[PDB]
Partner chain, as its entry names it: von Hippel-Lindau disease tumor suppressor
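We begin with a single chain expressed as structure tokens, specifically the form deposited without the partner chain.
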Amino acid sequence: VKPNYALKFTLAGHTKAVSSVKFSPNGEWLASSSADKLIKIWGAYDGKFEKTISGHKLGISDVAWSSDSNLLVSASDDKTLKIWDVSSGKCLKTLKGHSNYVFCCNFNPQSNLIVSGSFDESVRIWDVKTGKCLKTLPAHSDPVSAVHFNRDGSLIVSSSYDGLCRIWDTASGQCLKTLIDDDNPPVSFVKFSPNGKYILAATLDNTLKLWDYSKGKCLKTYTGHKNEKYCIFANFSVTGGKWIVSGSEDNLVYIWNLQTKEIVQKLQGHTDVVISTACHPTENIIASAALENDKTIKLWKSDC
């Protein structure tokens, strides 16, 4: 079985490259971030523009939703993260402490902590309510490209240009495991699978890899796309067929069969690198976003 994703909407408004797109957990919204320093909120099903959220002084690399869809956190080159109330658009807290660009961020499932990663090679854990830093982890020896909590919040996975993937104990900040492969190419993205048993990691040698966390072993590799330059997000698609989804530096969205590793669809339409993709939590809908020549977000829908 292959999906049949087709273009339904194109979302214009950002004035520089889009850096990330994420669907709200309640499915109603898409949030986008951009090098233009702005966050924009859109309707997930019709692409209707809702509002612009502003406050960062430099471009934004990442945005993430809280579990209840009420808050966003953003990570900026201005060396801060900001927590936003989506309804009011107000900045609730500014998280200060990183000494260089903040590249990635996420809430835990409880949504009382935020994890961030930075060009300063550290991973920080922040209290959502106070906005203060709880722990600083000397996680890596090069910029940190992604950070993600597992399903019960007890673990954090981080990735870095140093070629390593590390798994951290949230409560203590101590390292539980280091994953290394081949000739340690930069790891540009990492996240836990929905059941927290696997880790999906992108490296800048045109390769995605699925790891068994408990055994520390590679189980699947996904190839065929172009990824040698940018930190491109990847996703598990779980609403219909079980796919792996990723953008690509040849301007396409790639979709693989998770078990067989075969490419099942390539979505054509963007006119620049597809830096970010997101999968809707209940519908067979993908959002994709592209760099400077394109600057748009596209919504695609499939029957399965």
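Between two forms, the rigid core is defined as the largest C-alpha subset superposing within 1.5 Å. Residue numbers count along the first chain shown, from 1.
Peer 1: If you line up the core and then measure how far each C-alpha sits from this form in 9 other deposited structures of this protein, which stretch comes out higher, 203 to 211 or 176 to 184?
Peer 2: When 203 to 211 and 176 to 184 are compared in 9 other deposited structures of this protein, 176 to 184 lies farther out.
Peer 1: Superpose by the rigid core: which stretch, 212 to 220 or 162 to 170, shows more Cα shift in 9 other deposited structures of this protein?
Peer 2: It is 212 to 220 that deviates more in 9 other deposited structures of this protein.
Peer 1: When the Cα temperature factors in the entry are averaged, is it 93 to 101 or 220 to 228 that ends up higher?
Peer 2: Comparing 220 to 228 with 93 to 101, the higher average CA B-factor belongs to 220 to 228.
Peer 1: Per the entry, where is the mean C-alpha temperature factor higher: 234 to 242 or 272 to 280?
Peer 2: In the deposited entry, the stretch with the higher C-alpha B-factor mean is 234 to 242.
Peer 1: Looking at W211, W84, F149, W168, which has the highest CA B-factor as recorded?
Peer 2: Most elevated C-alpha B-factor of the set, per the entry: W211.
Peer 1: Looking at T52, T260, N26, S33, which has the highest CA B-factor as recorded?
Peer 2: Across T52, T260, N26, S33, the entry lists the biggest C-alpha B-factor for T260.
Peer 1: Compare the C-alpha B factor of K40 with those of the other modelled residues in its chain, then answer lowest, middle or highest third.
Peer 2: For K40, whose C-alpha B-factor we compare with every modelled residue in the chain, the answer is the lowest third.
Peer 1: Compare the C-alpha B factor of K16 with those of the other modelled residues in its chain, then answer lowest, middle or highest third.
Peer 2: Ranked within chain, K16 CA B lands in the middle tercile.
Peer 1: Consider only the C-alpha atoms of the modelled residues in this chain, order them by B-factor as the entry records it, and name the third containing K215: lowest, middle or highest.
Peer 2: It falls in the top third of the chain.
Peer 1: Would you mind checking where the Cα B-factor of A64 ranks among the modelled residues of its chain, as the lowest, middle or highest third?
Peer 2: It belongs to the lowest third of the chain when residues are ordered by C-alpha B-factor.
Peer 1: For the chain shown, is the CA B-factor of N293 in the lowest, middle or highest third of its modelled residues?
Peer 2: For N293, the deposited C-alpha B-factor lands in the highest third.
The same protein has a further form, the form solved in complex with the partner chain, not shown here; the description that follows concerns it.
Peer 1: Counting only non-hydrogen atoms and a 4.5 Å threshold, tell me whether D127, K135 and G173 all contact the partner chain in the deposited bound form.
Peer 2: Looking in the deposited bound form, the three residues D127, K135 and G173 all stay beyond 4.5 Å of the partner chain (heavy atoms).
Peer 1: Answer yes if any heavy atom of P185 is within 4.5 Å of a heavy atom of the partner chain in the deposited bound form; otherwise answer no.
Peer 2: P185: contacts the partner chain in the deposited bound form.
Peer 1: Using the partner position in the deposited bound form, report whether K229 sits within 4.5 Å of the partner chain, counting heavy atoms only.
Peer 2: Yes.
Peer 1: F149 versus the partner chain, in the deposited bound form: is there a non-hydrogen atom within 4.5 Å?
Peer 2: Contact check for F149: no, nothing within 4.5 Å of the partner chain in the deposited bound form.
Peer 1: Examine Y161 and determine whether its closest non-hydrogen atom to the partner chain in the deposited bound form is within 4.5 angstroms.
Peer 2: Within the cut-off, so yes.
Peer 1: If we check the partner chain in the deposited bound form, which of the residues in 134 to 153 reach within 4.5 angstroms of it by a non-hydrogen atom?
Peer 2: Only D142 sits within 4.5 Å of the partner.
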